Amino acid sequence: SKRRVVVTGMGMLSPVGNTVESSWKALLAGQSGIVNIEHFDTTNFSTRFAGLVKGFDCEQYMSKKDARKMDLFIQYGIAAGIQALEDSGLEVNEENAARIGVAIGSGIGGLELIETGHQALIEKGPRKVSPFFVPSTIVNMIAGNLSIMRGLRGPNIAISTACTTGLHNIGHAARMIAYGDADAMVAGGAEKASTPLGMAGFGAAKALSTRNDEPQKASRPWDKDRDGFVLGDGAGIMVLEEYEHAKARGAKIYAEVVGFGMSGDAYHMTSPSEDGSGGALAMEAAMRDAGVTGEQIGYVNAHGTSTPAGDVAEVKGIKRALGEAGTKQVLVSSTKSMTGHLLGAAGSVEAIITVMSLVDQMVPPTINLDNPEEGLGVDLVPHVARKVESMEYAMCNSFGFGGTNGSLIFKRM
């Protein structure tokens, strides 16, 4: 067979909810998840707010003893992963363990436990660093832990491509299923970089919004007053499955993965091609992969991180990739307006969002879009959700630091 790949399970922790359903309901209602940071002293930090996961309870998934061996990014990823597996109804036994794998990464990994470990080294010396330091912090250990907990013995990988992480893991999980390495994969990304070193690091690059007096208004993609991105935490995970295998068990199929495209800006360490041409290359490759034209794409969940340079360039890329006719019929929005930029989880969370839009024939809004840049030639779904009619394909973009770009195209099922 030419092996097709479908989404049969989804799982999510985000600043606007701790399940896919809660998050999606909140997004359709235009709710922000951005709040002040309470868990450390933000006093001389130029940005003091972030998109935080609320009320996270790890004990729902694992013991406090086990959780102590894991940074929160790993706990978040495990939680969304368990959600996704249970949602899929996939059964894992000795017969098929070797055919079920994991592709889950993080952009930065366990910053909090990194900070804690370095503190211990510096205050108490080398012999007082936790024995779990390495496995608690390194980016591949979401995939490691979840495979161990669930007996997943298929391909085990972790892509770490900054803001594109979540998208690339899903894309390559699909590639591996299609190639024959596995019949299912648990795939995505997680991040918890809202720590002192993380906020200072992105602060020092002056990448973040500094609208500290109005956190919920800080993230405003394409708005004339945008001043950098809002950092958020979370996890997004999909169970992907070979189509015949899913059909044969009569699985609920949320969507089909039909295109995955990748490119590099090759421009600058932190700003995008002013062209938007890198983004366009990834979208164009995804479209060719899926065999679709611009008119067939009803929705693009943009990267749209609320940066001056970034937001505008993406619109140029989208127009180039979709063409004139495609551009006229398409809706584009950035849910980062509500969630913030989830970094390693951005791409997987947004892929889930993109799939839900196909499922409900409904597109979430770009909130805070009060005064758009002049001369963008696209409907950016400002303020309020929008219903769509017969949308068969939707696209998710993630365009990260170093110029690493990816797009996924999902098809309605």
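Numbers follow the displayed sequence, beginning with 1.
Enquirer: Which has the higher mean CA temperature factor in the PDB entry, 139 to 147 or 208 to 216?
Expert: Of 139 to 147 and 208 to 216, the stretch with the higher C-alpha B-factor average is 208 to 216.
Enquirer: For the higher mean C-alpha B factor in the entry, choose 87 to 95 or 129 to 137.
Expert: Stretch with the higher mean C-alpha B-factor: 87 to 95.
Enquirer: Can you tell me which of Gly109, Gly198, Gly323, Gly189 has the highest Cα temperature factor in the record?
Expert: In the PDB entry, the greatest C-alpha B-factor among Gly109, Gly198, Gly323, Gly189 is found at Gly323.
Enquirer: Checking the entry, which one of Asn301, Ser271, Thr161, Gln75 has the top C-alpha B factor?
Expert: In the PDB entry, the greatest C-alpha B-factor among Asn301, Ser271, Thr161, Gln75 is found at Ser271.
Enquirer: Quick check on the deposited entry: does the C-alpha B-factor of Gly347 sit in the lowest, middle or highest third of its chain?
Expert: Lowest third of the chain for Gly347's C-alpha B-factor.
Enquirer: Would the CA B-factor of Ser390 place it in the lowest, middle or highest third of its chain?
Expert: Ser390: CA B-factor falls in the highest third of its chain.
Enquirer: Based on the entry's values, in what third of the chain does the Cα temperature factor of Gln119 lie: lowest, middle or highest?
Expert: Tercile = highest for this residue's CA B-factor.
Enquirer: Sorting the chain's modelled residues by C-alpha B-factor, tell me whether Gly17 ends up in the lowest, middle or highest third.
Expert: CA B-factor rank for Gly17: middle third.
Enquirer: Ranking every modelled residue in this chain by its Cα temperature factor as given in the entry, which third contains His168?
Expert: Lowest third, going by the recorded CA B-factors of the chain.
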